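What's counted below: heavy atoms across the whole structure, side chains too, no hydrogens, waters or symmetry copies. Sequence lines set the chain letters: A, B, ... in the order given, protein chains first and strands last, and positions in each chain run from 1.
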Amino acid sequence: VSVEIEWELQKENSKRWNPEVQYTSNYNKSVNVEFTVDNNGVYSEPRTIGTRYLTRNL
Amino acid sequence: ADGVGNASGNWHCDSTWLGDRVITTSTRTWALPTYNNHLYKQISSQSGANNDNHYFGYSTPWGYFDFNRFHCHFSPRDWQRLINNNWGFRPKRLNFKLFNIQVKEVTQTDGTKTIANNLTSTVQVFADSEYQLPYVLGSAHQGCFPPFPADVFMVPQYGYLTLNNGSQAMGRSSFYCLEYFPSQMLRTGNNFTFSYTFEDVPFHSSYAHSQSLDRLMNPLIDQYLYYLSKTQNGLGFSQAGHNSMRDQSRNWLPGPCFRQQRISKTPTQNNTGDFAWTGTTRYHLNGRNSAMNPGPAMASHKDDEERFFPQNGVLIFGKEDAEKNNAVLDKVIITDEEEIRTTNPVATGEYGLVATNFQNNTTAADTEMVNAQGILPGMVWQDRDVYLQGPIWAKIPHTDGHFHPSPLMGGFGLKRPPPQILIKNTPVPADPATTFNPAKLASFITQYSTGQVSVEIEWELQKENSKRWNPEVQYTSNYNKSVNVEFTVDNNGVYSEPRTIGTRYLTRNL
Amino acid sequence: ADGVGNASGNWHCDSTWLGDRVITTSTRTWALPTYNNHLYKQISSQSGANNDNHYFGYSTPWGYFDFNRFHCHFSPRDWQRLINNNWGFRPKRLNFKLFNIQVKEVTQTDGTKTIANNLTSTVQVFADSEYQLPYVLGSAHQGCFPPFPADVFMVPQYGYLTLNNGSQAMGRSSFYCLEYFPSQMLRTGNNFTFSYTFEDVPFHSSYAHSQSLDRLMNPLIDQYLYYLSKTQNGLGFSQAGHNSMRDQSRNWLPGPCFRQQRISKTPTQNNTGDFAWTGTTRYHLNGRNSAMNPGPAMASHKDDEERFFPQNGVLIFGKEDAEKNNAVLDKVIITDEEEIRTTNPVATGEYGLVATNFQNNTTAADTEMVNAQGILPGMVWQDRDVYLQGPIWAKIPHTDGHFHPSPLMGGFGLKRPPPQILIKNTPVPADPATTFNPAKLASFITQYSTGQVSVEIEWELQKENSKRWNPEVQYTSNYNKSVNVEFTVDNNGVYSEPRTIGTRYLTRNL
Amino acid sequence: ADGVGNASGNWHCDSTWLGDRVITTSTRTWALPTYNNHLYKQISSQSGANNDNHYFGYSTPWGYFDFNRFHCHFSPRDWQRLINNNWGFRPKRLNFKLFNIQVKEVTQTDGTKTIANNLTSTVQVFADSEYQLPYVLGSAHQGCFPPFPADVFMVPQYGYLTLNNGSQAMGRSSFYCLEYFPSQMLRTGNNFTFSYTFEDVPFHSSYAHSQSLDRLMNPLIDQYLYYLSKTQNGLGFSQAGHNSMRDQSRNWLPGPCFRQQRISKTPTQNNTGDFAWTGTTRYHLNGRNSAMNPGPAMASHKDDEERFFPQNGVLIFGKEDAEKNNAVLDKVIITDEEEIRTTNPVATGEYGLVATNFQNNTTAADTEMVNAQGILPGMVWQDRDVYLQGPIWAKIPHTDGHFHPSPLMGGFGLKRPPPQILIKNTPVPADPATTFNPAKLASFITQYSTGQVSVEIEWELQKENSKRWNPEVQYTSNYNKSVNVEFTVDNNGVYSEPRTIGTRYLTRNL
């Protein structure tokens, strides 16, 4: 079974000077890589990821 | 843009009444200092402040122009023409111009100040037309064009707030550098012009209802519907009619309310303790309390109660000589929303009574007051009135949802309001050292600027088509003699606005 | 070029992101003194100087404009947009403008300074577009456009060096008179514009490898090739596989290295003597020693050694309040090249081990460390990263030969770089004597100039096409509360860059 | 794509010699199991492994096709035709086809296996043409097309490595899901075709020099230049000539070298200890040591030393019956690079001698050996030879810099090499439960697939234009009688490649 979805995007036009908060992987070493399979082939989603990172004025 | 000896604009101050439109034009003289000694600064509340009062933000070297009050554009006579003859009005478009720029340099010397023209200095100006900066118009700040066209005013300094946690900042807090925008640079020969079109908005309602929501029926005829008129010794049902209007079935409901405390203009009728804060109605947001002022549109008092007003529920203006802090009642002017008592609950009362239990042979029927009531289907209401000295528009916050976005201080809610116009004196360094120093320059020539500014607004009018036989109420000057004439200068040249003037005089049926 | 009362340019400071391009525009206010009291001067080192430090050259009355750092053109947010989303970028073209020229005269008088406009004075400017002058951009000097657009800066003085023998000069030493060039002369109404196109250069690599050069094989499958796995009691040969990756045959070699001394950020782990000079790696040229700083691109430390850094092998920036001399470790920011450890040797280790003898029945096999290794066929390497506060380009020396001319401090090597832009206040003599004197005039009116300068650069971007499933590392602000916001002004108006920001976040396979 | 009873391709195995081109075509029969029971798995080294051997990566359910050895495409006779007649060759283009797909299902039952056709099952295949996956071809792994066209081979399993720190992973480590690519799905009637064009690459040099770099002069004539021929009792200078060739001035230098240990094929001439690891030349990368095998192209031995070979410096192939671990010398075939001794240093010697001090009246002149020497201007060298059983191409790592990217195991360096072709049996679930279970399905029908695969490569040839009078050396079979014929099957049907065959037979001047 296949499903294709087209999504429309709204770009960011901010004049903010300082850097934004951004979703990032941890750069440090670890036993497993987040959002991958383990040694037994089980895929896992370690954490939830929302959408709200960039900012906007009221 | 010609040069030193040629004026770059003329004085346009006028009002033109054309049919279903009125065009106001206003010109004033302004003066702009150097703010913050050219620097941006982080600003925040002190450690000892109440949590409700903490903040974090920045002050900028820029100034900005604010024409967001009705008396910037309408003379008192013009306002009278508007409100006595029209059921509604709204803004349509505007033009803005900055001209006759003059830059001055000030030198302290030994004992006295010396002022001279700096012919080669520039001022910078830009309009934030993409709404990329925090929008501080619409907070009812001072610094507008003065109501009397001969008065000269100081341009206010621009600053803004961002996310705070106590007195500190959060990672998502934003810092804006206004030099990171394109801006026009003006020498004394140059000028700046901007034009803008208002988005469609509904007419402000300048009228009062001549009917109340609970008396919309024909007083001569009974209803065909029945209500429960008797419980004692068995149920009984009756058709309501002219002798019981409180019992008739109806199609609509009064508007929402959030009840406020009741203050008396008679001093002996008030409690003598300190309830100024504890008596206010407040909203709780991220651990901080804010007064809900003025809050939802609600009538100020009911019939024959005109001595009372809601504690935080009405706009209050100062008289010309009023102090900034702890002015007495006689020095302020309290607006009165009584005209909306036909559709809106009184601000200091309950919405109504709701049933709380199940009545039976052994249990009486119980009710309790509802002091805060949100929207219900079938509700109708009027928004707060606008005033000659009150605000005009506000920016609707950019959010997923809002409901009926009429700004609660009154006026027109706009998604894309008139843009902020920012202005700054370009810094002119004093003589630098003759050996290279990498530090940023800290030594500047003392300067300020002055010029004229004009704004033209086209307003659309909604005419009155009433069949009312008897004369209307109308706003009028008093015809009797007096020591001064209202809305004029006194013997010392001080202009004053003696009273507030709303818009609701003509009437309309529900 | 119109005249006194008309601005000759506008403030353009913006960034525009279009598809595979980003256009930065930067404007600043500058001030230029008179340098050297209008004179050219021979300058040289003192007799007592160390031979390594001798020099001979000239200082000129001219100043020059330097925009050769990334933070001149990119706000911190813009830099974030760049590095989180793109695998590479390079400059394409630029425009330069000098405008709103103001010339001031200063008079000492009796007790206080007086400053006035000199409307008829001129400033001279020219771009050395034929590269006829010594090119001093690209030496990482101070005096650039400040990173924060509201700061005002002093234009640095131009000087240069030529051949020296000790403190003396050689017959082939060159002297350049900058008045022997054509230059434009500007009064307060005039402006100057220059445009330039960058030569084709490879994209900077803004990415880290997600593989290391020694792990490029399929871990599931053995090699068909054999290696010598056993010498004891006779030779034996094996096919390497997942359990011995150190033995597999490979196609490529790590990049070159020149080993440097290892410094610890933990104070007690360092020797307490004076090795600051004697510990550095140096090159010997015409009898003079120069530190090799930063030297070849090499990784700063290996895994889990992040407390160590190479003595002369990394760029080091000061914090805002750092002293010029002998600042402590906590006052500086040390860059970290660890991302290139996948292809490049660690700066503080050996390249490897080489065989030194012939083994036999009576003689064991011997090896020794190779601490300096030049290029070999089959080597691959990454160049040093670029930083928000680091340099952009350098002029490739004009020579018969060079190899891989990526400037070692980082950035883009250019045969024909952006030309030097030279500027000077034209001398205005004071009143001469009324009897002819042939001596050159020594008495001048004290003057300085100020104005605005703008530079626009178009950058080409290389997009990321990765099939990586899991999320990338990304540069981010901290989300927690803090007393100040990073990369902003403080309560006194001082802008500061708290940390260095490299370009290597996204990943790519080898 | 017609259906069950129609073949989807024909057997194409041929070689066509046309002028300056040769087209090889190769077809084989393959079999593909289910790998990893359909799962992706994280794989890593054990805790007890040597740091040099740690790794982190993933094994995938996919297989892949590898034709990256010369004997996949050239019969031994064809290779002879190539090397005896041509000075060079390079690949130009290729076509790939997968066809006659058959999917089988296996059932265990009670005592014996049962195999049947699954007519509706599919296999998935795609070519990674954008180079988005780790490229594991070019590591000399097993699993290629077998050299003898009648042999049937198992498709090898695809896996890859990413960044490791010890046995753990780093944030920048990448995970790739191959189902996140588009792929063609084939039932038994379907086929797959792919075509590719090689990028321009230089011809492999199939020739040996008939001159050595140190004898390029005219032996009959003296030089006009002088050298220092006498120091004793005063300096003296002479013109070099035929009797002193070691003293003549020359224009060029031998190629670079990194010296390796010397192993004897005579067992008693070797040390009896364990130097297998400690004797190797190694590079040090991010704390890990890797043998430099084969390393820079260097001649295996000097004249009359043919019993010696460099420890880690030559390709070594197994004889047909060689063990995987600790095979004795008689069971392996050691390649010999002696033909490049004309321009390249011998692998087991020094590059030369360098001066270390300043000679004077009291101090003798000193030199020392240089055992590792990088590139110098004026160097020339030959790259390593290619072999009938050796690799063809390798992917040049994607990096800022590389030098002379000829892969060190031999063959053609390619920025955009022939893409990896990945293939997998689509999983077919067994009967699921009749009540919904959200867990992923763990129970599958046991299947494998088989089919034919073809690859056609067009090669460009560089002809020989020599004026040499005397006959060349040529690769030849032995003409004498023998029990078996070289490069054939034996009485049991085992094909074997008895010896390695290089390309360098014809000669050319320097």
Side-chain angles (χ1 to χ4, degrees), chain B residues 49-55 68-69 138-142 161 254-267 269-302 305-319 322-341 343-351 369-375 381-387 389-391 394 397 403-411 413 499-500 502 504:
Chain B
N50 184 325
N51 186 37
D52 295 338
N53 285 330
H54 285 299
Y55 64 90
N68 193 19
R69 301 176 70 182
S139 292
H141 288 106
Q142 296 175 332
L161 297 172
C257 65
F258 199 93
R259 178 179 178 172
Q260 302 194 353
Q261 184 59 65
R262 187 185 69 189
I263 308 301
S264 179
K265 294 176 182 179
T266 301
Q269 298 179 342
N270 292 326
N271 185 321
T272 57
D274 179 9
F275 60 95
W277 177 248
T278 59
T280 59
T281 53
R282 293 149 270 169
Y283 68 69
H284 193 68
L285 185 70
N286 189 26
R288 295 197 295 267
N289 297 287
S290 296
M292 188 189 296
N293 192 341
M298 296 181 288
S300 299
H301 61 80
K302 58 189 170 185
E305 286 192 352
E306 69 279 3
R307 71 186 181 280
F308 295 118
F309 65 95
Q311 178 166 348
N312 49 319
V314 289
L315 300 187
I316 300 172
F317 300 94
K319 291 179 180 177
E323 297 81 354
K324 178 179 292 296
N325 291 284
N326 289 334
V328 297
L329 177 63
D330 289 342
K331 292 292 179 64
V332 297
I333 306 168
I334 297 171
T335 57
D336 188 356
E337 293 297 320
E338 64 180 337
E339 298 305 317
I340 62 174
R341 73 192 185 284
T343 59
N344 302 11
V346 171
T348 55
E350 72 279 7
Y351 184 81
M369 288 184 181
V370 175
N371 287 327
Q373 178 57 57
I375 290 294
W381 66 93
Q382 294 294 89
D383 294 334
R384 187 177 299 274
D385 200 6
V386 295
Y387 298 88
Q389 51 266 90
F403 178 72
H404 195 74
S406 179
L408 292 177
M409 291 188 287
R499 68 178 71 260
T500 62
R504 290 171 176 165

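More than 12 heavy atoms of other residues, nucleotides or ligands sit less than 6.0 Å from atom CG of B:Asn271. B:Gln142 CD: 12 or fewer foreign heavy atoms inside a 6.0 Å radius.
Note that the OG1 atom of B:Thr280 and the CZ atom of B:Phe275 stand 10.5 Å from one another [nearest 0.5 Å]. Taking CD from B:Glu337 and CD from B:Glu339, the interatomic distance works out to 9.0 Å, rounded to the nearest 0.5 Å. Rounded to the nearest 0.5 angstrom, B:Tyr387 OH and B:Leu315 CG are separated by 6.5 Å. From B:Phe258, atom CZ reaches atom OG1 of B:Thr281 across 6.0 Å, with rounding to the nearest 0.5 Å. To the nearest 0.5 Å, the span separating CG on B:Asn293 from CG on B:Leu408 amounts to 10.5 Å. In this structure, the separation between CG on B:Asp385 and CD1 on B:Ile340 is 8.5 Å, given to the nearest 0.5 Å.
B:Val346 is not listed as a side-chain neighbour of B:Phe308, based on a closest heavy-atom distance of 4.5 Å or more. Within the 4.5 Å cutoff, side-chain heavy atoms of B:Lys319 are placed close to those of B:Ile333. Put simply, the side chain of B:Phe309 does not reach to within 4.5 Å of the side chain of B:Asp336, judged on heavy atoms. Contact check for B:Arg384 versus B:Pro294: side-chain heavy atoms found under the 4.5 Å cut-off.
Considering every non-hydrogen atom in both B:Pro310 and B:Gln260, the closest pair reads CB-OE1, 3.5 Å. Here the shortest heavy-atom pairing between B:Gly410 and B:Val386 reads C-CG1, 4.1 Å. When all heavy atoms are compared, the tightest approach of B:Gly287 to B:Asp52 is O-OD1, 4.4 Å. The two residues B:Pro345 and B:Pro256 have their closest heavy-atom pair at CD-O, 4.0 Å. Of all non-hydrogen atoms in B:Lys265 and B:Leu329, the two that sit nearest each other are O-CD2, 3.8 Å.
B:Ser264 contributes a side-chain N or O that, together with a main-chain N or O of B:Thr266, makes up a donor-acceptor pair within less than 3.5 Å. Between the side chain of B:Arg259 and the main chain of B:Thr348, a donor-acceptor pair closer than 3.5 Å is present. Between the side chain of B:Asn344 and the backbone N or O of B:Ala297 there is at least one donor-acceptor pair closer than 3.5 Å. In terms of modelled atom types and a separation under 3.5 Å, the side chain of B:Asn68 and the main chain of B:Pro391 share no donor-acceptor contact. A donor-acceptor pair under 3.5 Å is formed between the side chain of B:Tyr351 and the backbone N or O of B:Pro254.
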Requested in this report: Show your working on side chain to side chain donor-acceptor pair (under 3.5 Å) between B:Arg504 and B:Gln382 and close with a plain yes or no.
Outcome: CA-CA 11 Å; B:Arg504 290 171 176 165; B:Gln382 294 294 89; over 6 Å; no
Query - Residue pair B:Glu323, B:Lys331: steps toward the side-chain contact (heavy atoms from CB on, under 4.5 Å) verdict - result: CA-CA 8 Å; B:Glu323 297 81 354; B:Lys331 292 292 179 64; 4.2 Å; yes
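Using bins of under 30°, 30° to 60° and over 60° for the plane-to-plane angle, the ring pair B:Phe403/B:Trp381 lands in the tilted bin.
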